[PDB]
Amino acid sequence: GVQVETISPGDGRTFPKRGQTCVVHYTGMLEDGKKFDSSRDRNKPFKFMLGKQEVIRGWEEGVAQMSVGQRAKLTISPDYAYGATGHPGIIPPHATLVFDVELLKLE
């Protein structure tokens, strides 16, 4: 499923609600440590609307467990990520993905 593991505590009070835009910085890597992308390298935070289902299930369910200001490591099994397909040219088939996510703010 998605396992969430705190790197830095957030405020423990403001959790995203469905319909809110989460603003995050992230780095994603394959289970073996090979990194495949980071918004920090573009220094452009990534934004998505929770509930809209435009990101993988592991992100929808993992980020909803986070409060503003938290930095956490989410390790996402293949069924909550890209499955047998992968993401062409970046993610291989059946890959467990590990993401370091920081929830900057809600909009």
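Just so we're on the same page, rigid core means the largest C-alpha set that superposes within 1.5 Å between forms. Sequential numbering from 1, following the sequence displayed.
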When the rigid core is fixed in 4 other deposited structures of this protein, C-alphas move more for 12-20 or 86-94; answer is 86-94
Going by the entry, of stretches 60-68 and 38-46 the one with greater average Cα B-factor is 38-46
Between the two ranges 80-88 and 94-102, the one averaging a larger CA B factor in the entry: 80-88
Can you tell me whether residue 51 has a C-alpha B-factor in the lowest, middle or highest third compared with the other modelled residues of the same chain? middle
